[PDB]
6 protein chains.
Amino acid sequence: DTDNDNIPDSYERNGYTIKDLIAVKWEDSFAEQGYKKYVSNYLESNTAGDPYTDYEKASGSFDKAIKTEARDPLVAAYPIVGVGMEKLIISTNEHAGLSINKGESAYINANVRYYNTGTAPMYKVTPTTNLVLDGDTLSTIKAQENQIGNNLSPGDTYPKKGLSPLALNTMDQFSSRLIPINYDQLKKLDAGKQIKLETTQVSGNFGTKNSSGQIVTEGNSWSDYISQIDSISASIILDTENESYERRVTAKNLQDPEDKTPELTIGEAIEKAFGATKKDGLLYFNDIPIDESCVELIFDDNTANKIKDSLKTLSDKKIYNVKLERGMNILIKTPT
Amino acid sequence: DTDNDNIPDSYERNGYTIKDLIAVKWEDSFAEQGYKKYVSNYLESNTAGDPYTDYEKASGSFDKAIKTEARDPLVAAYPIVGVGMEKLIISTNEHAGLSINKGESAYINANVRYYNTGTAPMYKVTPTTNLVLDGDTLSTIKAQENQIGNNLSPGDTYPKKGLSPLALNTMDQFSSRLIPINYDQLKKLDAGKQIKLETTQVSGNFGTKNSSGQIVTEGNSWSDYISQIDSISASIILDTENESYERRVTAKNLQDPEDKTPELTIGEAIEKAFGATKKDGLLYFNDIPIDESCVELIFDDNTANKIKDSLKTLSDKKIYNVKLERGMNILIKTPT
Amino acid sequence: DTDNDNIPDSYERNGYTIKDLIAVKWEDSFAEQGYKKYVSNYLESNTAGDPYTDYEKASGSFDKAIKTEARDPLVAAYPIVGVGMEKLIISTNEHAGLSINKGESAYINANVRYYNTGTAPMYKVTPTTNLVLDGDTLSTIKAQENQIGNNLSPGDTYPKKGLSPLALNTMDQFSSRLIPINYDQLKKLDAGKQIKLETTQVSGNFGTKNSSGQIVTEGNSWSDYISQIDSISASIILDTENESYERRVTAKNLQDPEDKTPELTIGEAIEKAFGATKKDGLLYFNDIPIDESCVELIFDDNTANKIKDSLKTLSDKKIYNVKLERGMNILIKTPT
Amino acid sequence: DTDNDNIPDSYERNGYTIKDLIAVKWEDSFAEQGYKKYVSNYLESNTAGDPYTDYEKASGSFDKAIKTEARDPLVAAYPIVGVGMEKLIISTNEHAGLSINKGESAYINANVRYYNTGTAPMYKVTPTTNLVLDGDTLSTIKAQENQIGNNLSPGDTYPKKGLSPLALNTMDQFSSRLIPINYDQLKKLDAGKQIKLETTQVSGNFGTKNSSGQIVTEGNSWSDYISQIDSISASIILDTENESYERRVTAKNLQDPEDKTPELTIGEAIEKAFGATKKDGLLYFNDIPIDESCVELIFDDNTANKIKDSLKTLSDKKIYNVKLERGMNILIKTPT
Amino acid sequence: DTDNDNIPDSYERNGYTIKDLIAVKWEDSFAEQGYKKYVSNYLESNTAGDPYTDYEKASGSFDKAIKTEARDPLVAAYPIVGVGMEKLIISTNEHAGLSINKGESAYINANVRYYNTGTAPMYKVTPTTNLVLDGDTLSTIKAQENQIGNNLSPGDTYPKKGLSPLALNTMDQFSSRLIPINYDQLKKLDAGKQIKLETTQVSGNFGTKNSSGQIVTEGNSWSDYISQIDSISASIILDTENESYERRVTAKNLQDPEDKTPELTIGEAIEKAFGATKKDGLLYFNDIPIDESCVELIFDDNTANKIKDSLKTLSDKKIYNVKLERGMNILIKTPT
Amino acid sequence: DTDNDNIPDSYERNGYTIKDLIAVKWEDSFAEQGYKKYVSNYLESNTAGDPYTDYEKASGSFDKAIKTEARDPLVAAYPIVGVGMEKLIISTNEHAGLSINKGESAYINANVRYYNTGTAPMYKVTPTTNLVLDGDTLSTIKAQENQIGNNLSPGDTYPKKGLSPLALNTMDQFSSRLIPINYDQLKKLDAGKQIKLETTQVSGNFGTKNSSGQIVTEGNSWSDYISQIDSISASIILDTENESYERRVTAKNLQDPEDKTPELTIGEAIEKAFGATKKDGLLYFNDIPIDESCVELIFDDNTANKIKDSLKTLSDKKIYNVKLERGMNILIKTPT
Ligand SMILES: [Ca+2]
Ligand SMILES: [Ca+2]
Ligand SMILES: [Ca+2]
Ligand SMILES: [Ca+2]
Ligand SMILES: [Ca+2]
Ligand SMILES: [Ca+2]
Ligand SMILES: [Ca+2]
Ligand SMILES: [Ca+2]
Ligand SMILES: [Ca+2]
Ligand SMILES: [Ca+2]
Ligand SMILES: [Ca+2]
Ligand SMILES: [Ca+2]
């Protein structure tokens, strides 16, 4: 036990299961009772880089809002949130003779909705959105106390279904100083074009247990864990044309000989990340099969190049048999 | 005693009662003295996810404002509060020749009343209400120091009966910067329509004991416990046409084999949650029977589908004999 | 000694007296020296819910401003404060041609006086008062640093006799942003009606001893103890047509078999709460008798219903012999 | 072990390798498995001046976003960030007769993008940029809460590729007080010239491990480590005409006899800093050779003078065989 | 070892050297290897008054930005910083008929550059500069967050070479309230004269080691160490017509018999402070000799009087053989 | 050793000297080596009331900016600072038709210089100055962050010689809200009179040693030590027509029999406070004799009355032989 996470090294290498809050060896008969087999590394406290260790992830005492796909030590608990924008309303600043003040000529108010995907929940969201109009960033606004939405659960929005979206109209750190806009930009957008909004960063905390049996949120942050997770993991995004899922799977650096991380191919990583039931050698998700022939796979330039290099020296010419290295981005689009 | 909550595992599995602040086994003769039988899990400190453990809930030393229905370890102590709005008054901003300034053309002041349902009290309420007019969110306001109402007890309002409702007219973090509204929206609402208000989130603390014998409120929060409770519990709401009650009951995930949570049907969950006296095999609440034939039951699409699947393989065709799984939403409307 | 408040259980059940800072048994000869007999429960540190325990209350080391009626462990130390309003003065905002600005058309300044009743003193009062005019809450103002009055003793006002009342004219968290009022409301109140003011909540601290021999105020609060006291106690208010007294007496829940609280009738609760000398079987207060025949008793609907149910099965038909349960509200008006 | 960094002095002098989190001696057969040989000093906890020690750097437990070139104890982990500016937009402040207010005659809004080079990431960037126009510093602005960009990873920008740049338009500590500009400067820049922007300083924190197994960011700073690193290290910057790299390598002061730092020439420092594979005695980077003949080397006056003094007494007349002393600045431009 | 700085008293009196982080006696053969001989006092932890002790100064573990001349325990580590001002630009506040508002009639913006001399660096500079015009202090401004420059290294400026100077235009604690100026002063300075700026005080922290192996800056200050150093030390300033150097050397009070400080003449103090190589009995600095005949020496009235008293009773009539007492100010100007 | 300040009671009563940081008995031969004899009390930690004890004062480890006259335990270390005012400049607030706004009709800016006398330095001065004009206090201003001058050494000013005085023009807690003045006061002072300024109180900290070997300033204050020192000490002020000195000497209350303080006459107190060399039985200061015949002595009414009572029963009719009691104020003016 070099890593000191109450898991033996042989257990962490050859497979283990958590039963009655203790680790036991893996046998083939354990799969009939609903158990799972986990493989991790014996030189690190947390394999995936998330703030929970291997034993906390495998036992399932991190939280009760984190999905069961993040119980695997090789799958990182990481929320990916975004902002959906609509209904930009313009307030005229003319004084009634008339008085067309320039510089501060109108005001803009937007309706936003925060959406979360992934596994973990964000307990205090604070997105930073910038407004783009005709290739010109008008402003960059970080959410104030009126726009901070606590306990954004995974899979649902902060303004829930059946509720009107949030309003964003202020710029100051406190709720004052409404967003101004030039007269030239006002006359430009009144003719033909619209204003788009995009997110840049989101800051949020996570819940951790205390020594008194309670959980605590304030003091933690996700901003110091994004840089660690994104550099050692590959990103797989699946679209079912009605919902979307984004997952990060840990990979092994082949050049480093001190990285005793288990090696996963594309198919095993997909099965352990998204959550699927294997039947007749075919992944099936809930009902929709996600094999290579049935669905469409979208890569990047580097991912396609790496797959092309790793496909020339394979006995079996399948995409899912290619070794998964860090930095890959995979998109899986199911047929309609 | 794996969970370390001074309750033995056999006691926690086969039923137990708290007498003289110690746990004892359950016998059939204990029901004649007014005692209750509790079943919990032996692998978790708190079964329902509320910040009080099984022993604290069963003994009854959490607080003296929490209802006796939350003494059961399977019933979570969770307040559900809301905002009732009335009497939106409009202040004209015309200067008297006239001067109709646009952008900031009028002001709105609303009267609000905070209502609490459930079991636990919220010790420092801070609701976040947004105003909707013609499908357009005008503003989203979080309550300031003048609108924060401490010690909102369960079953009653923060402005008590015989008192005028609270006033909401400010937008800034401090008490300044009255709510503006466009001239177009002013002329729109002056003709035919009205302004609605809805709640989005409420943040509040809870009282916990200290090592000095006193209780402490500041430092705790409810926002980190909503996401844990709502993902592992089912929600039952009962209407008596004059008051409403909302309760959350813990359920068991069948796929997870490490969840040693007791299994409850619909009838047992209703009886242990709302509080009822069983007579001739019929639940009776206070006086009004709440059996399946007498009252009306309202489900959702997923709840009705799950009940339809679980009803085809039952020897007795009754709704209350269906196993209760997580995610169900049940509404019970009594006849008038 | 289960409760661990250095009081034995038999002493706490059969009666005890504190002499030389230690507890001794009660004899009939102790009443001739001016001693009192106390009964409490042996399963709780503090019976009445106030932040002082049974031994602290019985010995008399809580404070020296708390009344001797709160020395009894069954009587809670709880201040009830209120605001008396007068002399609303209106400031015109017309600019002299004239200029009648709407929205912010005048200002209001009120004179307030904080009054305290009960036993304990409030060490830092901060009342929250709302102004009602023609059934319309104009504003809700929480007292700022200029309106916070420390060490409000029981039985007297914060602006003492011979001093002009406090002034309330600001709305902002700091001393700025004077209270505005519409032109319509100004012309409405200038004709026939007046503006009333009511209190909604008051936040205040209490003094507790430290380990260094000093007392400390900042850090404590009364807002977390109102919800506990008001749910387990009955309220008795006595009027002598010149002063008023409000007291809370602890009661026993009959359905709960783990509540080992002593049972008190109406007469014993009145005698132990308000403070009276028994002579010829008649309570006498200071000089004015407060028996059922001499004075007038006012109940509520629930209190009268409970008394009617509990009066049909009594051998002696007297009001003071009825068992006192929680939730009762009693008013005692002495004849003039 | 004088320095107390669990590394023996003979190990730290003659070469060592970290295997299974313990230090072992270096043999020639270890290079075939992918291992590296490290040399450090035995009188200091951290040789390069970065906040991580020799054992933390050599083992590789500092962070997972730091590049593998900073695993060497002689290479300092140090981010170098900068600001790229574009799209200065001017807002007129004329009131429409006209009204040309002087002093505050227009406003300027800039679009900025933060770029990071080096090894370590900056976890909370706060650049300080000043605007120069016609040799006149108009203003110096430090980034506010809307312009602070957390977790700026090495090798990429804070507004990532495919996103519009950040907006800078405020001057006050809070988001208010837009940037003013004189009428003379407005008429000066409207004719022929443009406004440039430059960075002056950047403040940022770094992530360090805690005793609870988590990492912490707030409390640390980079501003107290720049002065230590820059005085004892030489700077080498390499340009590949599409990306740039900047590295700092520790050097030895020859006059100080208590500096037991290993001596490195130019070639060894380049190979250990930038990261290169030696083949046939030639450095090759990724594919592009970076030998003295193939690429162009740019020095300063002091660097060229020191190389000229150290080149007259060399048996082999090569640039890479010159001893590297502190204060040198080297630029390596690859051919196109 | 009375002073408890792990240095023996005989070692501290007769000379010592730090080798392998331990103190050893001084021999004449140690000068051939590059070692130095130090003399200090045995009754004080730090002889010079700087926040580093004798052992920390002699070993060289204080910091790596402090010059090697401050390694001597008799030379205090003390930065002397100043502000160089240029390019005062005037902003007219006339409104265009015209409108010449008095009191606030124009604005002034200055360009400043912070320069550091001495040994230690200032880690957070905050200079306090006042503006003088025609013998009238217009304003006194302390630098805000936009004008605070961290890690000002010794020997170089905060806006480095090749960068435009810092801008100073605000007066408020936050970045607001631009500097006003009277119309009389505006018309006075527009005719013939200019505005000068001078520094009054500078506040800055210093870096010290922690128990966790890191260094910490916030919490320390230089303002409590200026008064101690300046009262017990003499100041020597040397000018080479292109750079300037300022040093403080500790002196001994002759009247106090409990001051066991070593006695230094002018020549030994100059050699140990500025740093010089002795050759043929002549100081030589880098190359320029700084003997009494070659260069010009400038004193004050008190310094010249003390030298005149101490020169009448000397066997050898040289300036450098005069005993150096506290309070002396010496200027050394090299020939051009 | 009752007082526990590592000084024996017989040593503290019969005289003692601090040599090699330990206390030794006094002999007549110790005066030839430059030593001093100290007498203190054995029932108090600090005799004079200053925050340094008897051993700290006698040894000389308090600070290095405190004068040697405060090394005596009977002389309190106490700075007396003041403000010298000049150059009140008036800014007109007329708008140019004209516009003479009343209430806020002009502005005043003063030039101030802080001077320190006594022994100890004030490390963060914050004087509170009020402006008097025609017997009317215009305003009372406490110094803000721009006017706070750290490390005010004894004997010199905060704006040193050769520097322009500080500017005072603001009134708000932050640097805003310039000082207004009425039109009536403006026309009153423009004719014949001037505005005077006086100090009322000054708040400042002092430096004390820490357990880590450093000194700390923030957290201490002088405001809690003025009331203790001024009630038990007599004040002697000496004028040499070019500088002034103010000292406080501890006295003994004759009525209290528990005050074991040594008794001092006027001459011994003057010699031990101001610092003088006794020659031929005559005090001589530096060169100017300060005997009763040569210089002029100025008392108050109470001081002259006490001297008249204590002079009738003296064998030798000299002023310096009168016992010095607390509350006396003595002024010593040397001839010109
Ligand atoms: Ca392990
Ligand atoms: Ca592990
Ligand atoms: Ca248990
Ligand atoms: Ca349990
Ligand atoms: Ca007890
Ligand atoms: Ca008790
Ligand atoms: Ca070592
Ligand atoms: Ca080392
Ligand atoms: Ca020593
Ligand atoms: Ca020493
Ligand atoms: Ca003593
Ligand atoms: Ca003493």
# chains A, B, ... in the order shown; residues from 1 in each chain; ligands from 1
>>> residues_around(residues="residue A:150", least_positions_apart="5", cutoff="10 Å", atoms="only C-alpha atoms", output="ChimeraX atom specification")
/A:121-126,158,204-205 /B:201-203,223-224,226-227
>>> residues_near_ligand(ligand="ligand 5", cutoff="9 Å", atoms="only C-alpha atoms and all ligand atoms", output="list in words")
residues 1, 2, 3, 4, 5, 6, 7, 8, 9, 10, 11, 12, 40, 41, 42, 43, 44, 45, 54 and 55 of chain C
>>> write_last_selection(atoms="C-alpha atoms", output="short mmCIF file (atom, residue, chain, number, x, y, z; two decimals), in the first residue's frame")
data_model
loop_
_atom_site.label_atom_id
_atom_site.label_comp_id
_atom_site.auth_asym_id
_atom_site.auth_seq_id
_atom_site.Cartn_x
_atom_site.Cartn_y
_atom_site.Cartn_z
CA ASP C 1 -27.79 11.99 36.12
CA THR C 2 -28.61 11.22 32.49
CA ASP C 3 -28.97 14.83 31.30
CA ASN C 4 -25.59 15.89 32.79
CA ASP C 5 -26.53 19.26 34.31
CA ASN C 6 -25.17 18.38 37.80
CA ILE C 7 -28.70 17.65 39.06
CA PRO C 8 -29.77 14.13 40.12
CA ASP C 9 -32.81 12.58 38.46
CA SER C 10 -34.67 11.94 41.73
CA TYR C 11 -33.89 15.51 42.77
CA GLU C 12 -35.17 16.79 39.41
CA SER C 40 -37.94 19.92 35.89
CA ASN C 41 -37.18 17.03 33.54
CA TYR C 42 -34.20 14.67 33.76
CA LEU C 43 -33.76 14.00 30.02
CA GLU C 44 -32.97 17.54 28.80
CA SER C 45 -30.30 20.09 29.66
CA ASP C 54 -31.76 24.02 34.60
CA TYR C 55 -28.91 24.51 37.08
#
>>> interface_residues(of="chain B", to="chain C", cutoff="6 Å", atoms="only C-alpha atoms", output="PyMOL selection string")
chain B and resi 64-65+91-96+146+167+174-175
>>> select_by_dssp(residues="stretch 23-222 of chain C", states="helix (DSSP H, G or I)", output="VMD selection string")
chain C and resid 28 to 33 54 to 59 68 to 71 183 to 191
>>> write_last_selection(atoms="C-alpha atoms", output="compact mmCIF listing (two decimals), in the first residue's frame")
# COMPACT_ATOMS: atom_id res chain seq x y z
CA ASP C 28 -41.77 21.54 54.03
CA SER C 29 -39.75 23.63 56.50
CA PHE C 30 -37.75 25.34 53.73
CA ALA C 31 -40.68 27.57 52.73
CA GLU C 32 -40.42 29.57 55.97
CA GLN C 33 -36.96 30.92 55.04
CA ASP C 54 -31.76 24.02 34.60
CA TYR C 55 -28.91 24.51 37.08
CA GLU C 56 -28.04 27.97 35.73
CA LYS C 57 -31.69 29.03 35.98
CA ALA C 58 -32.25 27.54 39.44
CA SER C 59 -29.02 28.85 40.99
CA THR C 68 -36.77 36.36 39.32
CA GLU C 69 -39.82 34.79 37.65
CA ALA C 70 -37.44 33.26 35.08
CA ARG C 71 -35.43 31.54 37.82
CA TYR C 183 -47.80 61.73 -5.50
CA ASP C 184 -50.99 59.64 -5.59
CA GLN C 185 -50.33 58.34 -2.07
CA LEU C 186 -49.42 61.87 -0.93
CA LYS C 187 -52.70 63.31 -2.20
CA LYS C 188 -54.53 60.28 -0.79
CA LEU C 189 -53.18 60.68 2.75
CA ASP C 190 -53.42 64.48 2.73
CA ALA C 191 -57.23 64.30 2.51
>>> residues_around(residues="stretch 80-85 of chain E", least_positions_apart="3", cutoff="8 Å", atoms="only C-alpha atoms", output="list in words")
residues 110, 111, 112, 113, 114, 115, 116, 117, 118, 127, 129, 196, 197, 198, 199, 202 and 246 of chain E
>>> write_last_selection(atoms="N, CA, C and O atoms", output="PDB file, in the first residue's frame")
ATOM      1  N   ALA E 110      -0.050  62.534 -14.455  1.00  0.00           N
ATOM      2  CA  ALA E 110       1.405  62.492 -14.448  1.00  0.00           C
ATOM      3  C   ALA E 110       1.895  61.109 -14.855  1.00  0.00           C
ATOM      4  O   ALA E 110       1.179  60.115 -14.705  1.00  0.00           O
ATOM      5  N   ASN E 111       3.117  61.043 -15.384  1.00  0.00           N
ATOM      6  CA  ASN E 111       3.768  59.779 -15.686  1.00  0.00           C
ATOM      7  C   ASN E 111       4.908  59.580 -14.700  1.00  0.00           C
ATOM      8  O   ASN E 111       5.765  60.454 -14.549  1.00  0.00           O
ATOM      9  N   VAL E 112       4.910  58.435 -14.024  1.00  0.00           N
ATOM     10  CA  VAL E 112       5.853  58.171 -12.949  1.00  0.00           C
ATOM     11  C   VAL E 112       6.568  56.853 -13.213  1.00  0.00           C
ATOM     12  O   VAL E 112       6.054  55.961 -13.892  1.00  0.00           O
ATOM     13  N   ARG E 113       7.777  56.750 -12.668  1.00  0.00           N
ATOM     14  CA  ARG E 113       8.575  55.534 -12.753  1.00  0.00           C
ATOM     15  C   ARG E 113       9.268  55.327 -11.416  1.00  0.00           C
ATOM     16  O   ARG E 113       9.913  56.245 -10.904  1.00  0.00           O
ATOM     17  N   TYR E 114       9.128  54.132 -10.848  1.00  0.00           N
ATOM     18  CA  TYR E 114       9.673  53.837  -9.529  1.00  0.00           C
ATOM     19  C   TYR E 114      11.060  53.228  -9.687  1.00  0.00           C
ATOM     20  O   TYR E 114      11.223  52.233 -10.399  1.00  0.00           O
ATOM     21  N   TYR E 115      12.053  53.815  -9.024  1.00  0.00           N
ATOM     22  CA  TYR E 115      13.409  53.304  -9.096  1.00  0.00           C
ATOM     23  C   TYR E 115      13.866  52.845  -7.722  1.00  0.00           C
ATOM     24  O   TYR E 115      13.521  53.435  -6.697  1.00  0.00           O
ATOM     25  N   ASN E 116      14.617  51.746  -7.714  1.00  0.00           N
ATOM     26  CA  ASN E 116      15.098  51.124  -6.490  1.00  0.00           C
ATOM     27  C   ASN E 116      16.619  51.100  -6.480  1.00  0.00           C
ATOM     28  O   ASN E 116      17.252  50.783  -7.490  1.00  0.00           O
ATOM     29  N   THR E 117      17.199  51.436  -5.329  1.00  0.00           N
ATOM     30  CA  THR E 117      18.626  51.320  -5.091  1.00  0.00           C
ATOM     31  C   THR E 117      18.835  50.651  -3.739  1.00  0.00           C
ATOM     32  O   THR E 117      17.918  50.560  -2.919  1.00  0.00           O
ATOM     33  N   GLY E 118      20.052  50.172  -3.514  1.00  0.00           N
ATOM     34  CA  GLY E 118      20.336  49.460  -2.286  1.00  0.00           C
ATOM     35  C   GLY E 118      20.512  47.975  -2.513  1.00  0.00           C
ATOM     36  O   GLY E 118      21.016  47.561  -3.561  1.00  0.00           O
ATOM     37  N   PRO E 127       4.131  54.074  -3.083  1.00  0.00           N
ATOM     38  CA  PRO E 127       4.706  55.384  -2.765  1.00  0.00           C
ATOM     39  C   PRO E 127       3.636  56.435  -2.522  1.00  0.00           C
ATOM     40  O   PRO E 127       2.514  56.347  -3.024  1.00  0.00           O
ATOM     41  N   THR E 129       3.238  60.347  -3.058  1.00  0.00           N
ATOM     42  CA  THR E 129       3.832  61.476  -3.758  1.00  0.00           C
ATOM     43  C   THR E 129       2.950  62.708  -3.620  1.00  0.00           C
ATOM     44  O   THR E 129       1.727  62.623  -3.749  1.00  0.00           O
ATOM     45  N   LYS E 196       6.133  70.340 -10.037  1.00  0.00           N
ATOM     46  CA  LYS E 196       7.076  69.321  -9.600  1.00  0.00           C
ATOM     47  C   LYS E 196       6.361  68.297  -8.727  1.00  0.00           C
ATOM     48  O   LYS E 196       5.305  68.564  -8.157  1.00  0.00           O
ATOM     49  N   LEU E 197       6.945  67.106  -8.640  1.00  0.00           N
ATOM     50  CA  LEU E 197       6.408  66.047  -7.799  1.00  0.00           C
ATOM     51  C   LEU E 197       7.535  65.479  -6.954  1.00  0.00           C
ATOM     52  O   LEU E 197       8.659  65.318  -7.437  1.00  0.00           O
ATOM     53  N   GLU E 198       7.236  65.177  -5.692  1.00  0.00           N
ATOM     54  CA  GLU E 198       8.235  64.580  -4.820  1.00  0.00           C
ATOM     55  C   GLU E 198       7.613  63.437  -4.034  1.00  0.00           C
ATOM     56  O   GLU E 198       6.396  63.380  -3.847  1.00  0.00           O
ATOM     57  N   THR E 199       8.461  62.510  -3.606  1.00  0.00           N
ATOM     58  CA  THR E 199       8.031  61.412  -2.757  1.00  0.00           C
ATOM     59  C   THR E 199       8.179  61.798  -1.291  1.00  0.00           C
ATOM     60  O   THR E 199       9.014  62.632  -0.929  1.00  0.00           O
ATOM     61  N   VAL E 202       7.298  55.515   1.374  1.00  0.00           N
ATOM     62  CA  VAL E 202       6.971  54.316   0.609  1.00  0.00           C
ATOM     63  C   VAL E 202       6.785  53.169   1.592  1.00  0.00           C
ATOM     64  O   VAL E 202       7.623  52.966   2.478  1.00  0.00           O
ATOM     65  N   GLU E 246      23.314  53.529  -2.602  1.00  0.00           N
ATOM     66  CA  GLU E 246      23.117  54.018  -1.241  1.00  0.00           C
ATOM     67  C   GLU E 246      23.194  52.846  -0.277  1.00  0.00           C
ATOM     68  O   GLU E 246      22.487  51.850  -0.455  1.00  0.00           O
TER      69      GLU E 246
END
